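The file data_36.pdb comes next; it holds PDB, C-alpha atoms and all ligand atoms.
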```
ATOM      1  CA  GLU A   5     -83.785  38.390   5.357  1.00  0.00           C
ATOM      2  CA  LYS A   6     -82.517  41.748   4.045  1.00  0.00           C
ATOM      3  CA  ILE A   7     -80.012  41.766   1.167  1.00  0.00           C
ATOM      4  CA  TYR A   8     -79.908  45.539   0.598  1.00  0.00           C
ATOM      5  CA  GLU A   9     -81.514  48.645   1.978  1.00  0.00           C
ATOM      6  CA  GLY A  10     -81.336  51.933   0.126  1.00  0.00           C
ATOM      7  CA  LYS A  11     -82.937  55.239   0.912  1.00  0.00           C
ATOM      8  CA  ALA A  12     -86.542  54.226   0.015  1.00  0.00           C
ATOM      9  CA  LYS A  13     -86.618  50.454  -0.581  1.00  0.00           C
ATOM     10  CA  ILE A  14     -85.458  47.172   1.026  1.00  0.00           C
ATOM     11  CA  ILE A  15     -84.550  44.126  -1.036  1.00  0.00           C
ATOM     12  CA  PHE A  16     -85.449  40.859   0.761  1.00  0.00           C
ATOM     13  CA  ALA A  17     -84.293  37.368  -0.060  1.00  0.00           C
ATOM     14  CA  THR A  18     -86.726  34.598  -0.928  1.00  0.00           C
ATOM     15  CA  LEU A  19     -86.266  30.784  -0.880  1.00  0.00           C
ATOM     16  CA  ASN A  20     -85.521  31.108  -4.610  1.00  0.00           C
ATOM     17  CA  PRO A  21     -81.897  32.420  -4.908  1.00  0.00           C
ATOM     18  CA  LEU A  22     -82.689  34.111  -8.231  1.00  0.00           C
ATOM     19  CA  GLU A  23     -85.788  36.018  -7.090  1.00  0.00           C
ATOM     20  CA  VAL A  24     -85.938  38.828  -4.540  1.00  0.00           C
ATOM     21  CA  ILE A  25     -88.659  41.015  -3.028  1.00  0.00           C
ATOM     22  CA  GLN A  26     -88.529  44.735  -3.647  1.00  0.00           C
ATOM     23  CA  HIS A  27     -90.207  46.323  -0.620  1.00  0.00           C
ATOM     24  CA  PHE A  28     -91.197  50.008  -0.758  1.00  0.00           C
ATOM     25  CA  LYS A  29     -90.725  52.005   2.438  1.00  0.00           C
ATOM     26  CA  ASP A  30     -92.438  55.294   3.344  1.00  0.00           C
ATOM     27  CA  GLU A  31     -89.107  57.006   3.895  1.00  0.00           C
ATOM     28  CA  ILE A  32     -88.232  59.968   1.649  1.00  0.00           C
ATOM     29  CA  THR A  33     -84.888  61.782   1.635  1.00  0.00           C
ATOM     30  CA  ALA A  34     -83.471  64.782  -0.239  1.00  0.00           C
ATOM     31  CA  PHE A  35     -80.278  66.829  -0.705  1.00  0.00           C
ATOM     32  CA  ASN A  36     -77.839  64.015  -0.034  1.00  0.00           C
ATOM     33  CA  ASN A  37     -79.804  63.053   3.108  1.00  0.00           C
ATOM     34  CA  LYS A  38     -79.799  66.551   4.635  1.00  0.00           C
ATOM     35  CA  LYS A  39     -83.618  66.168   4.745  1.00  0.00           C
ATOM     36  CA  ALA A  40     -85.556  62.964   5.630  1.00  0.00           C
ATOM     37  CA  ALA A  41     -89.207  62.247   6.510  1.00  0.00           C
ATOM     38  CA  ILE A  42     -91.812  59.528   6.717  1.00  0.00           C
ATOM     39  CA  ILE A  43     -94.631  60.038   4.181  1.00  0.00           C
ATOM     40  CA  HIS A  44     -97.279  57.500   5.118  1.00  0.00           C
ATOM     41  CA  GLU A  45     -98.402  55.425   2.104  1.00  0.00           C
ATOM     42  CA  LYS A  46     -95.727  56.778  -0.297  1.00  0.00           C
ATOM     43  CA  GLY A  47     -94.233  53.303  -0.672  1.00  0.00           C
ATOM     44  CA  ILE A  48     -97.539  51.693  -1.407  1.00  0.00           C
ATOM     45  CA  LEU A  49     -98.243  54.174  -4.161  1.00  0.00           C
ATOM     46  CA  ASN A  50     -94.689  53.861  -5.554  1.00  0.00           C
ATOM     47  CA  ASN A  51     -95.028  50.068  -5.558  1.00  0.00           C
ATOM     48  CA  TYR A  52     -98.296  50.249  -7.517  1.00  0.00           C
ATOM     49  CA  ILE A  53     -97.067  52.950  -9.908  1.00  0.00           C
ATOM     50  CA  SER A  54     -93.744  51.198 -10.587  1.00  0.00           C
ATOM     51  CA  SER A  55     -95.251  47.743 -11.120  1.00  0.00           C
ATOM     52  CA  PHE A  56     -97.817  49.383 -13.439  1.00  0.00           C
ATOM     53  CA  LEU A  57     -95.208  51.266 -15.485  1.00  0.00           C
ATOM     54  CA  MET A  58     -92.817  48.280 -15.590  1.00  0.00           C
ATOM     55  CA  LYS A  59     -95.627  46.229 -17.135  1.00  0.00           C
ATOM     56  CA  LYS A  60     -96.398  49.002 -19.654  1.00  0.00           C
ATOM     57  CA  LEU A  61     -92.736  48.935 -20.650  1.00  0.00           C
ATOM     58  CA  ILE A  62     -92.689  45.114 -20.816  1.00  0.00           C
ATOM     59  CA  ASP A  63     -95.717  45.305 -23.149  1.00  0.00           C
ATOM     60  CA  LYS A  64     -93.552  47.317 -25.575  1.00  0.00           C
ATOM     61  CA  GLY A  65     -90.640  44.877 -25.372  1.00  0.00           C
ATOM     62  CA  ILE A  66     -88.485  46.501 -22.716  1.00  0.00           C
ATOM     63  CA  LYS A  67     -86.632  43.906 -20.588  1.00  0.00           C
ATOM     64  CA  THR A  68     -87.134  44.541 -16.860  1.00  0.00           C
ATOM     65  CA  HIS A  69     -86.563  42.937 -13.484  1.00  0.00           C
ATOM     66  CA  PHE A  70     -90.297  42.818 -12.787  1.00  0.00           C
ATOM     67  CA  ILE A  71     -91.894  39.410 -12.108  1.00  0.00           C
ATOM     68  CA  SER A  72     -95.100  39.955 -10.147  1.00  0.00           C
ATOM     69  CA  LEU A  73     -96.939  42.345  -7.813  1.00  0.00           C
ATOM     70  CA  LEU A  74     -97.145  40.606  -4.400  1.00  0.00           C
ATOM     71  CA  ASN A  75     -98.914  43.019  -2.057  1.00  0.00           C
ATOM     72  CA  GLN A  76     -99.361  46.721  -1.153  1.00  0.00           C
ATOM     73  CA  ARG A  77     -95.625  47.314  -0.585  1.00  0.00           C
ATOM     74  CA  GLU A  78     -93.886  44.516  -2.443  1.00  0.00           C
ATOM     75  CA  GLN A  79     -93.148  43.119  -5.828  1.00  0.00           C
ATOM     76  CA  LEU A  80     -91.221  40.037  -6.856  1.00  0.00           C
ATOM     77  CA  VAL A  81     -88.276  40.829  -9.090  1.00  0.00           C
ATOM     78  CA  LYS A  82     -85.312  39.106 -10.731  1.00  0.00           C
ATOM     79  CA  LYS A  83     -82.118  39.047  -8.722  1.00  0.00           C
ATOM     80  CA  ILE A  84     -79.656  40.921 -10.945  1.00  0.00           C
ATOM     81  CA  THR A  85     -76.364  42.811 -10.595  1.00  0.00           C
ATOM     82  CA  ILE A  86     -77.042  46.510 -10.858  1.00  0.00           C
ATOM     83  CA  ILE A  87     -74.706  48.523 -13.079  1.00  0.00           C
ATOM     84  CA  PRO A  88     -73.555  51.429 -10.929  1.00  0.00           C
ATOM     85  CA  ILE A  89     -74.819  54.161 -13.318  1.00  0.00           C
ATOM     86  CA  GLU A  90     -77.936  56.346 -13.013  1.00  0.00           C
ATOM     87  CA  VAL A  91     -79.235  57.359 -16.437  1.00  0.00           C
ATOM     88  CA  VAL A  92     -81.074  60.674 -16.300  1.00  0.00           C
ATOM     89  CA  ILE A  93     -83.291  61.569 -19.241  1.00  0.00           C
ATOM     90  CA  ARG A  94     -84.478  65.211 -19.467  1.00  0.00           C
ATOM     91  CA  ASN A  95     -87.317  66.618 -21.572  1.00  0.00           C
ATOM     92  CA  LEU A  96     -87.496  69.993 -19.842  1.00  0.00           C
ATOM     93  CA  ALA A  97     -84.947  71.739 -17.642  1.00  0.00           C
ATOM     94  CA  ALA A  98     -85.416  71.109 -13.933  1.00  0.00           C
ATOM     95  CA  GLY A  99     -83.546  70.472 -10.698  1.00  0.00           C
ATOM     96  CA  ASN A 100     -79.764  70.789 -10.689  1.00  0.00           C
ATOM     97  CA  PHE A 101     -79.692  71.055 -14.505  1.00  0.00           C
ATOM     98  CA  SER A 102     -81.622  74.338 -14.314  1.00  0.00           C
ATOM     99  CA  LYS A 103     -79.416  75.549 -11.508  1.00  0.00           C
ATOM    100  CA  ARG A 104     -76.013  74.767 -13.071  1.00  0.00           C
ATOM    101  CA  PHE A 105     -76.834  76.130 -16.561  1.00  0.00           C
ATOM    102  CA  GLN A 106     -79.009  78.963 -15.164  1.00  0.00           C
ATOM    103  CA  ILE A 107     -81.869  77.910 -17.453  1.00  0.00           C
ATOM    104  CA  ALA A 108     -85.419  78.391 -16.118  1.00  0.00           C
ATOM    105  CA  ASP A 109     -87.293  75.310 -14.785  1.00  0.00           C
ATOM    106  CA  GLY A 110     -89.614  74.069 -17.555  1.00  0.00           C
ATOM    107  CA  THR A 111     -87.531  75.223 -20.497  1.00  0.00           C
ATOM    108  CA  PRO A 112     -88.186  72.597 -23.194  1.00  0.00           C
ATOM    109  CA  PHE A 113     -85.357  70.968 -25.078  1.00  0.00           C
ATOM    110  CA  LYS A 114     -85.382  70.387 -28.802  1.00  0.00           C
ATOM    111  CA  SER A 115     -84.447  66.775 -28.141  1.00  0.00           C
ATOM    112  CA  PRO A 116     -84.143  64.817 -24.872  1.00  0.00           C
ATOM    113  CA  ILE A 117     -80.912  65.093 -22.924  1.00  0.00           C
ATOM    114  CA  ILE A 118     -79.341  62.023 -21.375  1.00  0.00           C
ATOM    115  CA  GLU A 119     -76.840  62.441 -18.576  1.00  0.00           C
ATOM    116  CA  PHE A 120     -74.957  59.663 -16.753  1.00  0.00           C
ATOM    117  CA  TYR A 121     -74.024  59.559 -13.061  1.00  0.00           C
ATOM    118  CA  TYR A 122     -71.905  57.173 -11.057  1.00  0.00           C
ATOM    119  CA  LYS A 123     -74.124  55.853  -8.212  1.00  0.00           C
ATOM    120  CA  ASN A 124     -72.114  56.550  -5.037  1.00  0.00           C
ATOM    121  CA  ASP A 125     -73.325  58.181  -1.830  1.00  0.00           C
ATOM    122  CA  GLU A 126     -69.794  59.000  -0.591  1.00  0.00           C
ATOM    123  CA  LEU A 127     -69.089  60.990  -3.802  1.00  0.00           C
ATOM    124  CA  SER A 128     -72.649  62.387  -4.097  1.00  0.00           C
ATOM    125  CA  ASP A 129     -73.326  60.613  -7.417  1.00  0.00           C
ATOM    126  CA  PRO A 130     -70.807  62.419  -9.640  1.00  0.00           C
ATOM    127  CA  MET A 131     -71.562  62.908 -13.313  1.00  0.00           C
ATOM    128  CA  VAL A 132     -69.540  60.715 -15.653  1.00  0.00           C
ATOM    129  CA  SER A 133     -68.848  60.843 -19.370  1.00  0.00           C
ATOM    130  CA  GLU A 134     -69.248  57.957 -21.760  1.00  0.00           C
ATOM    131  CA  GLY A 135     -65.495  57.546 -21.965  1.00  0.00           C
ATOM    132  CA  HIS A 136     -65.388  57.201 -18.190  1.00  0.00           C
ATOM    133  CA  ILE A 137     -68.047  54.489 -18.276  1.00  0.00           C
ATOM    134  CA  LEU A 138     -66.103  52.676 -20.996  1.00  0.00           C
ATOM    135  CA  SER A 139     -62.656  53.112 -19.402  1.00  0.00           C
ATOM    136  CA  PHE A 140     -63.877  51.776 -16.085  1.00  0.00           C
ATOM    137  CA  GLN A 141     -65.597  48.938 -17.997  1.00  0.00           C
ATOM    138  CA  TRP A 142     -68.994  49.508 -16.387  1.00  0.00           C
ATOM    139  CA  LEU A 143     -70.431  48.965 -19.881  1.00  0.00           C
ATOM    140  CA  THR A 144     -69.032  47.939 -23.244  1.00  0.00           C
ATOM    141  CA  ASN A 145     -69.330  50.161 -26.304  1.00  0.00           C
ATOM    142  CA  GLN A 146     -72.301  48.102 -27.553  1.00  0.00           C
ATOM    143  CA  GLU A 147     -74.062  48.273 -24.127  1.00  0.00           C
ATOM    144  CA  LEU A 148     -73.603  52.013 -23.893  1.00  0.00           C
ATOM    145  CA  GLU A 149     -75.185  52.583 -27.301  1.00  0.00           C
ATOM    146  CA  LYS A 150     -77.975  50.153 -26.265  1.00  0.00           C
ATOM    147  CA  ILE A 151     -78.603  51.883 -22.933  1.00  0.00           C
ATOM    148  CA  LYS A 152     -79.117  55.186 -24.734  1.00  0.00           C
ATOM    149  CA  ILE A 153     -81.483  53.633 -27.318  1.00  0.00           C
ATOM    150  CA  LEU A 154     -83.474  51.925 -24.527  1.00  0.00           C
ATOM    151  CA  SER A 155     -83.551  55.116 -22.433  1.00  0.00           C
ATOM    152  CA  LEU A 156     -84.952  57.143 -25.326  1.00  0.00           C
ATOM    153  CA  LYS A 157     -87.503  54.406 -26.190  1.00  0.00           C
ATOM    154  CA  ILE A 158     -88.563  54.307 -22.520  1.00  0.00           C
ATOM    155  CA  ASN A 159     -88.824  58.105 -22.594  1.00  0.00           C
ATOM    156  CA  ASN A 160     -91.124  57.927 -25.635  1.00  0.00           C
ATOM    157  CA  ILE A 161     -93.354  55.229 -24.109  1.00  0.00           C
ATOM    158  CA  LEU A 162     -93.629  56.881 -20.687  1.00  0.00           C
ATOM    159  CA  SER A 163     -94.022  60.385 -22.148  1.00  0.00           C
ATOM    160  CA  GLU A 164     -96.947  59.229 -24.248  1.00  0.00           C
ATOM    161  CA  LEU A 165     -98.712  57.317 -21.532  1.00  0.00           C
ATOM    162  CA  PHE A 166     -98.390  60.237 -19.093  1.00  0.00           C
ATOM    163  CA  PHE A 167     -99.473  62.764 -21.725  1.00  0.00           C
ATOM    164  CA  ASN A 168    -102.620  60.720 -22.347  1.00  0.00           C
ATOM    165  CA  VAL A 169    -103.613  61.141 -18.685  1.00  0.00           C
ATOM    166  CA  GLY A 170    -102.663  64.824 -18.625  1.00  0.00           C
ATOM    167  CA  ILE A 171     -99.168  64.659 -17.122  1.00  0.00           C
ATOM    168  CA  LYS A 172     -95.877  65.917 -18.564  1.00  0.00           C
ATOM    169  CA  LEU A 173     -92.854  63.703 -18.013  1.00  0.00           C
ATOM    170  CA  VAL A 174     -90.287  66.379 -17.255  1.00  0.00           C
ATOM    171  CA  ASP A 175     -87.333  64.109 -16.566  1.00  0.00           C
ATOM    172  CA  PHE A 176     -86.596  60.749 -14.962  1.00  0.00           C
ATOM    173  CA  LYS A 177     -83.830  58.445 -13.718  1.00  0.00           C
ATOM    174  CA  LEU A 178     -83.279  54.822 -14.733  1.00  0.00           C
ATOM    175  CA  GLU A 179     -81.010  52.065 -13.451  1.00  0.00           C
ATOM    176  CA  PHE A 180     -80.203  48.861 -15.237  1.00  0.00           C
ATOM    177  CA  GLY A 181     -78.714  45.531 -14.243  1.00  0.00           C
ATOM    178  CA  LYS A 182     -77.616  42.295 -15.805  1.00  0.00           C
ATOM    179  CA  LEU A 183     -78.440  38.673 -15.156  1.00  0.00           C
ATOM    180  CA  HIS A 184     -76.430  36.603 -12.839  1.00  0.00           C
ATOM    181  CA  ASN A 185     -73.790  34.517 -14.278  1.00  0.00           C
ATOM    182  CA  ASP A 186     -74.546  35.505 -17.848  1.00  0.00           C
ATOM    183  CA  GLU A 187     -71.717  37.498 -19.449  1.00  0.00           C
ATOM    184  CA  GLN A 188     -73.967  38.060 -22.497  1.00  0.00           C
ATOM    185  CA  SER A 189     -76.921  39.304 -20.447  1.00  0.00           C
ATOM    186  CA  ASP A 190     -78.916  42.125 -22.029  1.00  0.00           C
ATOM    187  CA  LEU A 191     -79.659  45.236 -19.954  1.00  0.00           C
ATOM    188  CA  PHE A 192     -82.653  44.832 -17.632  1.00  0.00           C
ATOM    189  CA  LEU A 193     -84.474  47.820 -16.283  1.00  0.00           C
ATOM    190  CA  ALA A 194     -84.331  47.746 -12.464  1.00  0.00           C
ATOM    191  CA  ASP A 195     -84.977  50.001  -9.412  1.00  0.00           C
ATOM    192  CA  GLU A 196     -88.343  51.791  -9.748  1.00  0.00           C
ATOM    193  CA  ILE A 197     -90.303  54.060 -12.003  1.00  0.00           C
ATOM    194  CA  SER A 198     -92.322  56.293  -9.750  1.00  0.00           C
ATOM    195  CA  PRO A 199     -92.808  59.863  -8.517  1.00  0.00           C
ATOM    196  CA  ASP A 200     -89.568  59.307  -6.522  1.00  0.00           C
ATOM    197  CA  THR A 201     -87.656  58.894  -9.825  1.00  0.00           C
ATOM    198  CA  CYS A 202     -89.683  60.957 -12.408  1.00  0.00           C
ATOM    199  CA  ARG A 203     -90.515  64.653 -12.410  1.00  0.00           C
ATOM    200  CA  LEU A 204     -94.212  64.774 -13.316  1.00  0.00           C
ATOM    201  CA  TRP A 205     -96.157  67.977 -13.876  1.00  0.00           C
ATOM    202  CA  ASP A 206     -99.859  68.386 -14.452  1.00  0.00           C
ATOM    203  CA  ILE A 207    -100.103  69.752 -18.017  1.00  0.00           C
ATOM    204  CA  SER A 208    -102.846  72.333 -17.466  1.00  0.00           C
ATOM    205  CA  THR A 209    -101.457  73.941 -14.225  1.00  0.00           C
ATOM    206  CA  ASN A 210     -97.803  72.955 -14.126  1.00  0.00           C
ATOM    207  CA  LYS A 211     -98.439  71.564 -10.630  1.00  0.00           C
ATOM    208  CA  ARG A 212     -95.608  69.235  -9.592  1.00  0.00           C
ATOM    209  CA  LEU A 213     -96.856  65.781  -8.629  1.00  0.00           C
ATOM    210  CA  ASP A 214     -93.577  64.107  -7.718  1.00  0.00           C
ATOM    211  CA  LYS A 215     -90.832  64.077  -5.022  1.00  0.00           C
ATOM    212  CA  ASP A 216     -90.190  67.810  -5.754  1.00  0.00           C
ATOM    213  CA  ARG A 217     -93.241  68.422  -3.547  1.00  0.00           C
ATOM    214  CA  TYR A 218     -91.089  67.162  -0.689  1.00  0.00           C
ATOM    215  CA  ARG A 219     -87.814  68.738  -1.887  1.00  0.00           C
ATOM    216  CA  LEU A 220     -89.397  72.193  -2.268  1.00  0.00           C
ATOM    217  CA  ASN A 221     -91.649  71.817   0.821  1.00  0.00           C
ATOM    218  CA  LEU A 222     -94.815  72.365  -1.218  1.00  0.00           C
ATOM    219  CA  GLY A 223     -97.001  70.175   1.001  1.00  0.00           C
ATOM    220  CA  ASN A 224     -99.583  67.695  -0.311  1.00  0.00           C
ATOM    221  CA  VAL A 225     -96.825  65.196  -1.094  1.00  0.00           C
ATOM    222  CA  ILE A 226     -98.975  62.108  -0.790  1.00  0.00           C
ATOM    223  CA  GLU A 227    -101.787  63.805  -2.722  1.00  0.00           C
ATOM    224  CA  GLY A 228     -99.437  64.321  -5.690  1.00  0.00           C
ATOM    225  CA  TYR A 229     -98.342  60.679  -5.679  1.00  0.00           C
ATOM    226  CA  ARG A 230    -101.989  59.615  -5.324  1.00  0.00           C
ATOM    227  CA  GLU A 231    -103.000  61.811  -8.245  1.00  0.00           C
ATOM    228  CA  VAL A 232    -100.392  60.058 -10.412  1.00  0.00           C
ATOM    229  CA  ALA A 233    -101.714  56.668  -9.233  1.00  0.00           C
ATOM    230  CA  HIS A 234    -105.303  57.617  -9.877  1.00  0.00           C
ATOM    231  CA  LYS A 235    -104.697  59.033 -13.343  1.00  0.00           C
ATOM    232  CA  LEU A 236    -102.705  55.937 -14.269  1.00  0.00           C
ATOM    233  CA  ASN A 237    -105.361  53.583 -12.781  1.00  0.00           C
ATOM    234  CA  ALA A 238    -102.414  51.881 -11.081  1.00  0.00           C
ATOM    235  CA  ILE A 239    -104.092  50.789  -7.844  1.00  0.00           C
ATOM    236  CA  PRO A 240    -105.592  47.274  -8.029  1.00  0.00           C
ATOM    237  CA  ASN A 241    -109.086  46.363  -6.727  1.00  0.00           C
TER     238      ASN A 241
HETATM  239 CL    CL A 301     -81.501  66.792 -11.136  1.00  0.00          CL
HETATM  240 CL    CL A 302     -90.683  62.573 -25.871  1.00  0.00          CL
END
```
Written form, structure tokens:
Amino acid sequence: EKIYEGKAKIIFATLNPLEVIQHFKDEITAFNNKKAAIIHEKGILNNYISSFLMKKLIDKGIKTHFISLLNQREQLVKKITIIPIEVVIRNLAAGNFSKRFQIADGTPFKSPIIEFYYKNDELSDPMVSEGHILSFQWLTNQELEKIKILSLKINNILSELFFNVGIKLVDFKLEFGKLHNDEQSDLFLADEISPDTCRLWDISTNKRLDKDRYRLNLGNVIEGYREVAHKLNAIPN
């Protein structure tokens, strides 16, 4: 029983109303769905990488939706209401940031840059200010300060763990949600943390390992995702 299907994942119900299955597909899309393809095994690797990184973040006290790894494509996660914001954290310039400020890809920032987007396909995920978020009551003042603190802490944790296996975390996107029926719920990290949601460059060569291999038609897409999995030791025995 499907509850939701997005561009790369399906959420399935379980017999427990408060737990759902996050199922990783092999679909990839880019440029507001102008470009789509099947990349065999991409979902398996994203499942393993995300479950791995969620657990690394849990180990440092980050609250997440992750419950358990079930199989090659699936993990058990908390059923939560997703806040309709994408938080993008940037360490170097890349993607549409580079393009709109005409700053070269790979330009390092003095401090990380957080940008917020309203998650909406129809509107192509428009950027929003803090005041917008607050006016529309998507978060309270306290939640918005918290989401930024958590995002930066997550950036530090992920940046370090990737650096230690020879990968630069260029930028990444987070989504958060809140527990059912709890108006005082803290912010739980949701969606995925994978090469679909993080720009990841090999430190020595600047080779891109992530979804940019698909976006920029660089070939060896699965090989990049597999390199990330291998270097992380994310694939179970
Ligand atoms: Cl971008
Ligand atoms: Cl950092």
Closest contacts (chain A/ligand CL 301 (chain A), max 6 Å, all atoms listed in the file) as JSON lines:
```
{"residue": "A:99", "atom": "CA", "partner": "A:CL301", "partner_atom": "CL", "distance": 4.2}
{"residue": "A:100", "atom": "CA", "partner": "A:CL301", "partner_atom": "CL", "distance": 4.4}
{"residue": "A:101", "atom": "CA", "partner": "A:CL301", "partner_atom": "CL", "distance": 5.7}
```
Give me the result of the PyMOL selection byres (((chain A and resi 23-32) around 10) and not hetatm) on this file, residue by residue, as an MDAnalysis selection string.
chainID A and resid 6:22 33:34 37 39:52 69:84 195:196 200 215 218:219
Would you mind listing, for every residue of chain A within 6 Å of ligand CL 302 (chain A), the two atoms forming the shortest contact and the distance between them in Å to one decimal, using all atoms listed in the file, sorted by chain and ascending residue number, as CSV?
```
residue,atom,partner,partner_atom,distance
A:159,CA,A:CL302,CL,5.8
A:160,CA,A:CL302,CL,4.7
A:163,CA,A:CL302,CL,5.5
```
For a quick check of understanding, using all atoms listed in the file, which of A:53, A:161, A:92, A:87 has the smallest distance to residue 141 (chain A)?
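Once distances to residue 141 (chain A) are computed over all atoms listed in the file, the minimum belongs to A:87.
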Running the PyMOL selection byres (((chain A and resi 187-191) around 9) and not hetatm) on this model by hand, what would come out? Give it as JSON, numbers by chain.
{"A": [67, 68, 147, 150, 151, 154, 180, 181, 182, 183, 184, 185, 186, 192, 193]}
A:225, A:213, A:194, A:232: which is nearest residue 85 (chain A), counting all atoms listed in the file?
A:194
Among the residues A:240, A:116, A:110, A:199, the one that comes closest to residue 93 (chain A) [using only C-alpha atoms]:
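Nearest to residue 93 (chain A): A:116.
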Pairwise distance, CA of residue 89 (chain A) with CA of residue 131 (chain A), equals 9.3 Å
